[PDB]
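Scroll down for the structure; my scribbles are underneath it.
Excluded from the calculations below are hydrogen atoms, water molecules and symmetry mates; all remaining heavy atoms, backbone and side chain alike, are included. Below, read A as the first sequence line, B as the second, and so on, with proteins coming before strands; counting in each chain starts at 1.
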Amino acid sequence: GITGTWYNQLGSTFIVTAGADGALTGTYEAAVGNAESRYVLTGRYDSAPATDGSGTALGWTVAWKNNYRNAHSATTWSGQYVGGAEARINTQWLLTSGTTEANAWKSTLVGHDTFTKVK
Amino acid sequence: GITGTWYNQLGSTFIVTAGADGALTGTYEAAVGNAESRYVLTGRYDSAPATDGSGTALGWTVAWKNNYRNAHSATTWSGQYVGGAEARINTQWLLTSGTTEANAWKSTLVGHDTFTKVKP
Amino acid sequence: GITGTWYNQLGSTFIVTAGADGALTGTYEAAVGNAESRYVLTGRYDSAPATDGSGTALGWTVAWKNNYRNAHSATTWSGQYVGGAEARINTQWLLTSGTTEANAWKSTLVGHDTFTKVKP
Amino acid sequence: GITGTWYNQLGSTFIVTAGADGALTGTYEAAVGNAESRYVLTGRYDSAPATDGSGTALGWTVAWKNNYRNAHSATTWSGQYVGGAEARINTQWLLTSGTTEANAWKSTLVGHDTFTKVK
Ligand SMILES: O=C(O)CCCC[C@@H]1SC[C@@H]2NC(=O)N[C@@H]21
Ligand SMILES: O=C(O)CCCC[C@@H]1SC[C@@H]2NC(=O)N[C@@H]21
Ligand SMILES: O=C(O)CCCC[C@@H]1SC[C@@H]2NC(=O)N[C@@H]21
Ligand SMILES: O=C(O)CCCC[C@@H]1SC[C@@H]2NC(=O)N[C@@H]21
């Protein structure tokens, strides 16, 4: 399932627990950017997905403040879990930095991450 | 400032509490889409923003399953809160539906929602 | 309807001609960013839209090189034209800067621009 | 360089010519979606890129109307060309469908395509 440790193509680490209620909790350690150590993540997933070979929709957020650094930014990942023996979480993400109003047009980066489950 | 009841340009209702250390917890009621009533949301926000006039970064997720319906999809909103006389949350969002691998290319809608505390 | 001079919420000026068979050709002058004066744009639009009240899909690209400056970046706008008494072009855009491979993760900004023919 | 034939992970075909003036022209054949045969594309690229090992920024548009079908939609790809012997064009894209105003919130799909040059 979703619960476990995952790594993406950048070398970031995603440790997550999926709760019976649809909750995602855990920590994220980013390999790049204005980040060090682990950050809290929270999110949600479809706890009763279709079983017709569709992925399980999910998303989560990290605000890039922990007890060692603050980037004044937040990323959300939106995507789907694809189960089986080579499980993947395939995502697109939005990274919004706090900006002044004049600079809001350049506040948000977009990208895509693929996570592979370890073990 | 983030804590409260917010409404976007579609008429959706976003009820949220900002916990002191960065949690966002609340409910979302979508006015459009395959949705009815309230859905659980969780997210995070910068609980110590910059003091230079910059907004407060945040994000949250809704999985579109509740006791009424399950759309087999999830939306994340990423944005910033802008305080002031008319506080606003300006976001972009990603709505991913569960799909087959083959159809993953058409799994994700993108858009932008603006929230204020002004009731329609 | 698409042909004309448009302005977005940032004050940028988008001057475009819609050719009969789907071409968009014009210039873009950005009011923000690493840009000055006009830049060439090209794009495409649906030259036979649906007749059910739907907007007209379109998109265009600017590479941010002209005789004045080169930002080593390019923006694409994807959206729809909505005709009517106050015609509008509603878009989302992707601004990709050239980066190293390692830094590609932070290469692309996303946003949304609304255009009308109303001069600021 | 950019001029040539490219294929992406979906099996789509991108035939492009890069002009000295920064123009991109060519045709696109989509392997998926509401599409058949070739469609016109136009775009732009940075004709004087940095040479410090950065990619070359570019973008292009296809409106999904040709003389055999009309999807009432348009895709833009924004990305960068990475030269060398295994040249790539790495993109993110936005596919906007014409909708009614009430349905505009669901008008736009986002994704990512990687193109590999043939030959
Ligand atoms: O630079 C910042 O504002 C904080 C760190 C951001 C890292 C981003 S989140 C999206 C992408 N995926 C990763 O694992 N790292 C980058
Ligand atoms: O149709 C679905 O899959 C679930 C409902 C989706 C509603 C979307 S979330 C983004 C946008 N903002 C809203 O308030 N509603 C729509
Ligand atoms: O800074 C750059 O790399 C070039 C100028 C970018 C301006 C961007 S394009 C998207 C948005 N809409 C505008 O009118 N201006 C900004
Ligand atoms: O379905 C449509 O509206 C027209 C065809 C869209 C195909 C899309 S464009 C983005 C992605 N990359 C491809 O090569 N095909 C899909």
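In this model, no donor atom of one side chain and acceptor atom of the other lie less than 3.5 Å apart for D:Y39 and D:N67. B:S73 and B:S97 share no side-chain donor-acceptor pair at under 3.5 Å. In summary, the side chains of C:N66 and C:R38 do not present any donor paired with an acceptor at a separation below 3.5 Å, with no hydrogens or angles considered. Side-chain contact of B:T99 with A:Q80: a donor-acceptor pair under 3.5 Å is present, judged by distance alone.
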Full working for side-chain hydrogen bond (donor to acceptor under 3.5 Å, both in side chains) between C:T108 and D:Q92: CA-CA 8 Å; C:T108 309; D:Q92 298 184 269; 3.3 Å; yes
Go through it in stages, so that I can follow the logic: the residues are B:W6 and B:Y28, the test is side-chain contact (heavy atoms from CB on, under 4.5 Å), and I'd like the CA-CA distance, side-chain angles, deciding distance and then a yes or no. CA-CA 10 Å; B:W6 297 85; B:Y28 200 97; over 6 Å; no
I'd like to know whether C:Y81 forms a side-chain hydrogen bond (donor to acceptor under 3.5 Å, both in side chains) with C:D46, so could you lay out the CA-CA distance, the side-chain angles of the two residues, the decisive distance to 0.1 Å, and finally the verdict. CA-CA 10 Å; C:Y81 164 86; C:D46 178 6; over 6 Å; no
Quick one: do B:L94 and A:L94 satisfy side-chain contact (heavy atoms from CB on, under 4.5 Å)? Show the steps, please. CA-CA 8 Å; B:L94 297 168; A:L94 294 171; 3.8 Å; yes
Could you walk me through whether C:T27 and C:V40 pass side-chain contact (heavy atoms from CB on, under 4.5 Å), step by step? CA-CA 5 Å; C:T27 63; C:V40 172; 5.6 Å; no
Can C:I2 and C:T56 be said to form a side-chain contact (heavy atoms from CB on, under 4.5 Å), step by step? CA-CA 9 Å; C:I2 292 169; C:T56 299; 4.1 Å; yes
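Residues passing the side-chain hydrogen bond (donor to acceptor under 3.5 Å, both in side chains) test with C:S47: none are found, sequence neighbours excluded.
Residues D:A104 and D:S107 come closest through the heavy atom pair O-OG, 2.9 Å. Residues D:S78 and C:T96 approach most closely at OG-OG1, 2.8 Å, considering heavy atoms. Here the shortest heavy-atom pairing between C:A31 and C:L10 reads CB-O, 3.2 Å. For A:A74 against B:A57, the heavy-atom pair with the smallest separation is N-CB, 3.7 Å.
Rounding to the nearest 0.5 angstrom, the gap separating the CD atom in B:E29 from the OG1 atom in B:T5 is 11.0 Å. Separating the CG atom in C:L41 from the OG1 atom in C:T61 is a distance of 8.5 Å, to the nearest 0.5 Å. The CZ atom of C:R44 lies 9.0 Å from the NZ atom of D:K65; values are rounded to the nearest 0.5 Å. Here the OH-OG distance, from D:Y68 to D:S37, works out to 6.0 Å after rounding to the nearest 0.5 Å. Taken from OG1 in A:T75 to CG in A:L95, the straight-line distance is 3.5 Å, to the nearest 0.5 Å. Rounding to the nearest 0.5 Å places OG1 of D:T100 at 8.0 Å from NZ of D:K106.
Not a single donor-acceptor pair under 3.5 Å links the side chain of B:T42 to the backbone N or O of B:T25. One N or O on the side chain of A:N70 and one on the backbone of B:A48 form a donor-acceptor pair closer than 3.5 Å.
Residues B:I89 and B:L58 have side chains in contact (heavy-atom distance under 4.5 Å, counting atoms from C-beta outward).
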Listing, residues 113-120 of chain C side-chain donor-acceptor contacts under 3.5 Å, not counting sequence neighbours, or none:
unit_1: C:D113; atom_1: OD1; unit_2: C:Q9; atom_2: NE2; d: 2.9
unit_1: C:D113; atom_1: OD1; unit_2: C:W93; atom_2: NE1; d: 2.9
unit_1: C:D113; atom_1: OD2; unit_2: C:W77; atom_2: NE1; d: 2.9
unit_1: C:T116; atom_1: OG1; unit_2: C:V118; atom_2: N; d: 3.4
unit_1: C:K117; atom_1: NZ; unit_2: C:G1; atom_2: O; d: 2.8
unit_1: C:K117; atom_1: NZ; unit_2: C:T3; atom_2: O; d: 3.1

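Aromatic ring centroids of C:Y45 and C:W60 lie 6.0 Å or more apart.
Counting only residues at least two apart or on different chains, no side chain to side chain donor-acceptor pair (under 3.5 Å) pair has a member in residues 10-23 of chain D.
Other residues, nucleotides and ligands place no more than 12 heavy atoms under 6.0 Å from the CD atom of D:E101.
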